[PDB]
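The data below hold one chain only, encoded as structure tokens and taken in the form deposited in one PDB entry.
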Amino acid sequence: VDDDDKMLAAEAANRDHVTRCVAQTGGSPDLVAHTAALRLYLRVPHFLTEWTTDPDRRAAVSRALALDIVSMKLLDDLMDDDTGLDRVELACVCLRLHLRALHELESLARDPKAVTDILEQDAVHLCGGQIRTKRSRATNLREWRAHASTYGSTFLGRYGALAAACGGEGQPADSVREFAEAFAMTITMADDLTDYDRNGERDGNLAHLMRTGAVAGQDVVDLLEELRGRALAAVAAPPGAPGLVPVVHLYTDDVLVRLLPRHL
């Protein structure tokens, strides 16, 4: 039973927890399926909980983070209003998953107050950040990274902070967050460079900027290596999460080898 085996079981368990919840609260088959298709979003909680040694606690935190992450993702679908899904179901399922995540996370936290502390702390940065990202679309790498540091980094950083607050002891809180924020940006880039063709995304889209020449391929490679370095550093602080090293290399290399060539 290796790490891949653990990751795969975690993702399946998170997916089932999510779909059961969506279905019981009235979600239609189409909305349940949409939810089951958020693969990386259902997997990411497993990485964030890599520092949790108790396996039962780890699976509990993982699935609770997955409920809220899916919830925020549905809220995002609701703001772009472009999935064809019923807005009433989206909004209602979004709320229901979120409230269940709050309840599950608070029951796991050493101090239940820490959950709302973390969620309130940089709420203005995250929400005001998402508004500006859509207002003024990015035109170069500086601007792209600035926006992504909110809806990507701060967004995952919070779940990183929640994993440490709900994960028992032996948890270097600042490092789990540091890992989440650097890792988030690597996958946010991956997403941009994938959703260019799969979503017809242009304005503010990193792949678009690379193709139009507003952004240099070497700078994207540089950013990816900076993020790889920051993530590796975060997982090496004590107690340490060595299992995350191959994961950081996997997602970074995938962007360098598969995704970048598609835009240069």
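For clarity, a rigid core is taken as the largest C-alpha set superposing within 1.5 Å between two forms. Numbering starts at 1 and follows the sequence shown.
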| item | value |
| --- | --- |
| Comparing 124-132 with 165-173, the one whose average Cα B-factor in the PDB entry is higher | 165-173 |
| Comparing 148-156 with 78-86, the one whose average Cα B-factor in the PDB entry is higher | 78-86 |
| Criterion, highest CA B-factor; candidates, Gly229, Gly27, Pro55, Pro45 | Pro55 |
| Highest-ranked of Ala180, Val115, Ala101, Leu193 once sorted by CA temperature factor in the record | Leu193 |
| B-factor third for the C-alpha atom of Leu95 within its chain | lowest |
| Chain-wide C-alpha B factor ranking for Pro246, given as lowest, middle or highest third | lowest |
| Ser62 by Cα B-factor - lowest, middle or highest third of the modelled chain | lowest |
| B-factor third for the C-alpha atom of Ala237 within its chain | highest |
| Position of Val70 among the chain's modelled residues by C-alpha B-factor, lowest, middle or highest third | lowest |
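In what follows, reference is made to the form deposited in another entry, a form of this protein that is not presented.
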| property | result |
| --- | --- |
| Mobile residue between this form and the one not shown, C-alpha criterion 2 Å or more, rigid core, from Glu225, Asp219, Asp197, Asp54 | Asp197 |
| Pairwise C-alpha change, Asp203 versus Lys134, in that other deposited form against this form - closer or farther, 3 angstroms or more | farther |
| Cα-Cα shift for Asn199 and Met210, closer or farther in that other deposited form, minimum 3 Å | farther |
